[PDB]
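In terms of the numbering used here, the sequence shown has 129 at position 86, counting the first letter as 1, and numbering is strictly consecutive. Encoded as C-alpha cells, the structure appears first; notes follow it.
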Amino acid sequence: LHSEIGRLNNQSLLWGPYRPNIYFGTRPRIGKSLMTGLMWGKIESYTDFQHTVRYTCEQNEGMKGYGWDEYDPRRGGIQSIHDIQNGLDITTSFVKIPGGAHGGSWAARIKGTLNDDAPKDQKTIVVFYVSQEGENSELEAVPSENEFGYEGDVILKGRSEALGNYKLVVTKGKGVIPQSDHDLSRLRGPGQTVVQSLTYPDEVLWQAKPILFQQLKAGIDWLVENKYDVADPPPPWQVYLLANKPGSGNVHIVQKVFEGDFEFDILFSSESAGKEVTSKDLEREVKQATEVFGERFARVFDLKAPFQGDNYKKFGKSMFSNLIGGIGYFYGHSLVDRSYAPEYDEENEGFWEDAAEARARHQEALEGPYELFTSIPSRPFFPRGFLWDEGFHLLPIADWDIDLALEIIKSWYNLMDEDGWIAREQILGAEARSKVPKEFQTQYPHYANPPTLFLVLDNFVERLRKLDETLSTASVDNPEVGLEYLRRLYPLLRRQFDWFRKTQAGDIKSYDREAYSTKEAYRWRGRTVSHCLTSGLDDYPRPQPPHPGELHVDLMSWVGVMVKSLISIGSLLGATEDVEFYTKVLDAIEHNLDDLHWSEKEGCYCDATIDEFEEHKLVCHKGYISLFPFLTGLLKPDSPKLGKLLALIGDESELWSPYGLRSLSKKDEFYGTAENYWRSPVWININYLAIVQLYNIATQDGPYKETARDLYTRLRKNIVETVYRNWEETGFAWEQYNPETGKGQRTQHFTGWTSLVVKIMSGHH
Ligand SMILES: [N-]=[N+]=Nc1ccc(NCCCCCCN2C[C@H](O)[C@@H](O)[C@H](O)[C@H]2CO)c([N+](=O)[O-])c1
C-alpha cells in the first residue's frame, strides 16, 4: 500500500509549470522530455524586439510585478504578470486533467490585455517554444492547409517512452491579426500564425532565446538577399515574422502577432487518457481548481485575529501561492571539487589562505546527472534549491499538502552522497548554471548548511502521532505509509547526523577546555575573514581572526535539533540501540551549550575562540546567534538562562524594533557595518523561529508564560504587519526588512521564507 500511494503521488505530481526560472513554461518531472516556454514582446521598430522580448524571470523598472494568485501543483493555478515595458497585463492559467498512464493531461490559457498607457494598436509578438530531449522520441507539426501559415490551430503530434503518444495544440486564439499590404506578403503571406520545426543537439534545446533569434536573423538575411530594403521596407512585425516551415524536429517554434488584446490556449492531450482536452475543458477545470483552492486555504490557513480581514486573506493567498508556485524540477550535472584537499580540513591558523590555494587548483569537475524537485527562494535572482531555505519553505507547504513536502524532502535526500553530504546550493544543468558566475558554481563537500529540513520532519512526526484531497494527506492518514517513509529516510538522516559530527567537529581536547562532555563541540567549515556562508548568516560577526579553535553555538544547536528528531524517529522505528546513543548526545549538548557557550557576564550565548594565549575566550555579539539554543527549542521552559534571553529579545535598545527582531544589536560594534547583510536587518525566517518558541512557552505553565505571551503577541503583530505593509505598497515580498524604516530591502520576489508569514498569521502552533 506504501508502493500504491507512491505511484499515485508520482502520477499526481508528474506535470506542472515546473520552470519557475521563466515567466511561463511546463516540463514533467523527467530529466530528458518535453518542455514548453512562453515569450512575448511589443515591436515598434526594426530593432526593439530583441530588447523587449520576455522569457527568463527578472525584476527591474520595466516590470511592475508578477506572481501566482493561486497555485497547487496537483491542480494548477493562475499567474498574473504586470509588464510596464510592453504595456501588457498578462494572465497565464494552467490546469491539470488526470487520466491515462502517463501522468495525465494539462492546458494553459495565455491572456494579454493592453494597459491604459499602451498604444491601442500595439503589435505584440508571442511565441510558444516547444522542445523534446531524448534519443527515441518524435514530435511533428501537422502541416497547414493554407500556404504561408495557419488560419486555425497548430497541432503537434509526438511520442516518447516517458509520455507515450500525445498531442499538443496551440489554438487559433482571439484578437486582431495585423495584415501587411507589402510586396513581401506574396512570398510570406499577409500575416498569420507560423511554425518552424527544427533539430539541434539535445543539450542546447534549453537555449530558447538564441535559438529563436538565430531564426529571426536568417529571416532578415533572406530579406536583404532578396532585395527587400530601406527604399520600401515591410513593417517591423512582418520583418520579424518567421517563414512558415513545419515538420519533424526536437524544436518547434510557434509564433503569432497580435494587434491589441489577445488570448490563446495550449492543450496537451495524453493519448492514453482517451478523450482529448478541449478549451471548454480548460475553462471548467480552471473554475473548479479555484473553488478547491479557496476551500483548502480557508481550512489550512485560517488567519487569526487581528488578521482575519479580507485584506490579510488576499495577502496570505499571495504570499502562499508565490511560495508553492516557485516549485521547480531541475535536472543535470553539477560542479563539485572532489579533491578533498587537506587544506579543506582547516586545522591550522590562517586556514582561509590555504583553502584559497586549494581552490586555485581548480580540481572541480561536473558530476551527475542529478534531479531535484524543490521550491526556491527567488524566481528572478536565484531560482534553485538552497538546503536550509527549503526547511523554511516546506513549513507552510507541509500544512497545505504533507505528501508534497515529503516528496520534496525525499528529493533532497536522494542527492546525499556516500559520506552524508548534500551540497547546500543545487545548480543542476547548463540551464541552471547560466544564472550563476562560474566562480560561484563549485560546491565543496566540507560545506554544511543548517539542517532545517528536520523541522519539517518534526512537524510530520507530531502529525503522525495524533481525490487529490485524499492524496495530499495519505502519508499521515495511513500510519503504515508514514512509518515506511521514515523507515526508508531514517538511515540517511543518521548518515547526515554522523557527517556533521565527522566534518564539522570542534576542538575541545587540544586546549585548556573544561566541559561536561569531551565530544560535543562544533565549528562551521568554510569561514573566511569576514564571512561564514555555510551557517546561513553570511556576515554575522564571528571571532576575529577565524581560528581552528572556534566553536559556534548556532551549529551546536542545530546538532541538538537533529538529535531530538532522531530520538523521535528512532523511537518510532524501535531503533533502541540508536535512541540510547542519541539520548546521551542530547544530554551532553545540553551541558556543553552552557559549559562552552554561556556568558554569565553578558546574559546570553556566544561563539567561542582561542586566545592569543591559547585560552578559551567567549566572543559575544548580541543578535540572532546569541539566541540560538532558544530558537532551536533546546531550553527548558523554566531555564533562568531562557529568561535572560527573553529580556534580550524584548529589549528595544538591543534586538527589539517596531518591525521585528534585529539580526544584530544596535549596541554591537558591528551594527550596520560593511554589507550589513545580517548585521541589523530583520529576517523573517529567524523571527519565525522566535515567534514559534515564544508561543510554546506562552501555552505552558512556567515563570515566563506571561512574558512570552506578551512578546509572542507583539512580535507576531510586528512581523506580519511589516511584511503586509510592504506587500501592500510594493506588491513584493522582500528578503529582509529595515529595522529603522520598516522598508523591505535587498531582493524582491523573495518567496522565499518571507512567505512564512502565512503560517505566523495562521497561529495555533
Ligand atoms: N540587481 N540584481 N540583484 C541580484 C542580487 C543577487 C544575485 N545573486 C545571489 C546569489 C546567492 C544568493 C544567496 C541568498 N541567500 C543568502 C542568505 O544569507 C542565505 O542564508 C540564503 O540561504 C541564501 C538563499 O536564500 C543576483 N543574481 O542574478 O545572481 C542578482
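Quick reminder that beta carbons are idealized off the backbone N, C-alpha and C, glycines included.
- Query: To the nearest angstrom, how far is it from the Cα of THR95 to the Cα of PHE301?
  - Reply: 15 Å
- Message: For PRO253 and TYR98, what's the separation of their Cα atoms in angstroms?
- Response: 11 Å
- Query: With respect to 8 Å, is the separation between the Cβ of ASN492 and the closest non-hydrogen atom of ligand 3 below this value?
  - Reply: As presented, the structure is devoid of ligand 3, carrying ligand 1 as its sole ligands.
- Query: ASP555 to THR513, Cα distance in whole Å?
  - Reply: 58 Å
- Query: Cβ of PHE425 versus every heavy atom of ligand 1: is any distance shorter than 8 Å?
  - Reply: yes
- In the DSSP assignment, find the unbroken alpha helix (DSSP H) run with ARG537 in it and report its ends. 522 to 546
- Where does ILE296 fall in DSSP's three states? strand
- Query: Using a threshold of 8 Å, is the CB atom of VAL725 nearer than that to any non-hydrogen atom of ligand 1?
  - Reply: no
- Task: Classify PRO60 as buried or exposed, calling it buried when 16 or more other Cβ atoms lie within 10 Å of its own Cβ.
- Result: buried
- Task: Tell me whether the beta-carbon of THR156 lies closer than 9 Å to the beta-carbon of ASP275.
- Result: no
- Query: Measuring CB to CB, does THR417 end up less than 9 Å from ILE451?
  - Reply: yes
- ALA401, DSSP secondary structure in three states: helix
- Message: Can you determine whether any heavy atom of ligand 1 sits closer than 8 Å to the C-beta of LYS217, and answer yes or no?
- Response: no
- Could you name each continuous beta strand (DSSP E) segment of 3 residues or more that falls completely within the stretch 230 to 294, going from the start of the chain to the end? 237 to 241
- Could you check what DSSP says for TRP431 in three-state terms: helix, strand or coil? helix
- Quick one: what's got a C-beta closer than 8 Å to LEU227's C-beta in the same chain, skipping five residues either side? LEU266, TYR271, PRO277, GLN281
- Item | Exposure label - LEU409; buried when at least 16 CB within 10 Å | exposed
- Please confirm if the stretch 625 to 635 is in contact with the stretch 520 to 527, defined as three or more CB-CB distances below 8 Å between the two stretches. no
- Say whether chain B places a C-beta atom closer than 9 Å to the C-beta of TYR780. In the structure shown, chain B does not exist; there is a single protein chain.
- Message: Buried or exposed for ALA399, going by 16 or more other Cβ atoms inside 10 Å?
- Response: exposed
- Query: With 16 as the cutoff for other CB atoms within 10 Å, does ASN179 come out buried or exposed?
  - Reply: exposed
- Query: Excluding the five sequence neighbours on either side, which residues of its own chain have a C-beta within less than 7 Å of the C-beta of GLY74, listed in chain order?
  - Reply: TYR374, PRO412, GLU414
- Task: Output the distance between the C-alpha atoms of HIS664 and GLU482, rounded to the nearest integer angstrom.
- Result: 31 Å
- CB of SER421 to nearest heavy atom of ligand 1: below 8 Å? yes
- Item | Cβ shell of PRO680 (< 6 Å), same chain only, five flanking positions each side left out | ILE740, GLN743, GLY745
- CB-CB length for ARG422 against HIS792, believed under 8 Å: 5 Å
- Task: Please go through the stretch 609 to 671 and give each complete beta strand (DSSP E) segment of 3 or more residues, from N-terminal end onward.
- Result: 650 to 653, 659 to 662
- Task: Answer yes or no: do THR485 and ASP380 have a C-beta to C-beta separation smaller than 9 Å?
- Result: yes
- Message: Comparing C-alpha positions only, which one of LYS552, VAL297, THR134 sits nearest to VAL170?
- Response: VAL297
- Query: Using a threshold of 8 Å, is the CB atom of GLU461 nearer than that to any non-hydrogen atom of ligand 1?
  - Reply: no
- Item | Those runs of the alpha helix (DSSP H) which lie wholly inside the stretch 59 to 119 and span at least 4 residues | 92 to 95
- Query: Cβ of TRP601 within 8 Å of any heavy atom in ligand 1?
  - Reply: no
- Nearest to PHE673 by alpha carbon, out of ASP511, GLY715, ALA733, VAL138? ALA733
- Query: Roughly how many angstroms separate the alpha carbons of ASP442 and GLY369, rounded to a whole number?
  - Reply: 16 Å
- Taking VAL735 as the reference, give the member of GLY774, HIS807, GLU783 with the closest Cα. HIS807
- Task: Would you check if there are 3 or more beta carbon pairs closer than 8 Å linking the stretch 145 to 165 to the stretch 310 to 321?
- Result: yes
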